[PDB]
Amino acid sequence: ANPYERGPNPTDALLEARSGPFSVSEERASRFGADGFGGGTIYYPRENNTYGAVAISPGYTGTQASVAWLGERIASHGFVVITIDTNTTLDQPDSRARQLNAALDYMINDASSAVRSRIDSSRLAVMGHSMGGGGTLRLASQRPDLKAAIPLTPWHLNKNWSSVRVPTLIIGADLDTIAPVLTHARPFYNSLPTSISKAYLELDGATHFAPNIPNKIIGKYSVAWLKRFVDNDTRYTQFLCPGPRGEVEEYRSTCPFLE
């Protein structure tokens, strides 16, 4: 059996809802305790079990409030999730990568016992919006031990992610004028090795700010991705594969993934 499975067998309805099955509590990571990032909010399942841990970075000029809906929603499906503030709102993608790494360290080592006892420290992921999605790719390139990476409308001037070995779901926004898919999300996806578990989901009719606005599609595929890769949860494969190929412009992947 898979020891990491949580929650009921998924349905489209379970994945599309405002909340997953797990009620969530919050812990502050204050700017005083947070070494190497600007603090954040830890969302954790109340149910006493161990779960994967996820760190989520906002973009340039962004704060944790721009990704909070998504951190809380992901946690509610059985994840310990920290939504971070960066050292400064102007921090660059490679700085956001070090801050994401600091936030994973924070949750594992420095958060309270309620939080540390609910984390399986061997099962980690990172996500991020825009420059925070660039930082997601950078940290994934540096940390093959990460179970999953989800760059959301990512922005990075480095276009070559051929070193990334972490299962990566890139979410692009077709009408993105800030991190245009032609120069960011698509080249990033294309440059990921053909041999890893990866997917590219391009939202239809979506601006750069789609990740900042509660969105059933982003929620559904973010959760499915983390469930598949953080939890090794093959109950979720059928949502990812062959995938949504009306409100998804494009979906490509290396489905079916190796198990």
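Numbering starts at 1 and runs along the sequence shown.
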> If you count the residues of the deposited sequence that sit between residue 18 and residue 19 but have no coordinates, do you get none, 1 to 3, 4 to 9, or 10 or more?
Replying inline: none
>> Tell me which stretch, 195-203 or 29-37, has the higher mean Cα B-factor listed in the entry.
In response: 29-37
> For the stretches 219-227 and 45-53, which has the higher mean C-alpha B-factor as given in the deposited record?
Replying inline: 45-53
> Among 116, 138, 123, 156, which carries the highest Cα B-factor?
Replying inline: 116
>> Per the entry's Cα B factor values, which of 83, 177, 76, 130 stands out as the maximum?
In response: 177
> According to the PDB entry, is the CA B factor of residue 97 in the bottom, middle or top third of its chain, that is, lowest, middle or highest?
Replying inline: middle
>> Splitting the chain's C-alpha B-factors into thirds, which one does residue 67 fall into?
In response: middle
> How does residue 90 rank on Cα B-factor within its chain, lowest, middle or highest third?
Replying inline: highest
> Which third, lowest, middle or highest, does the CA B-factor of residue 185 fall in along this chain?
Replying inline: lowest
>> Where does the C-alpha B-factor of residue 163 rank in its chain, lowest, middle or highest third?
In response: middle
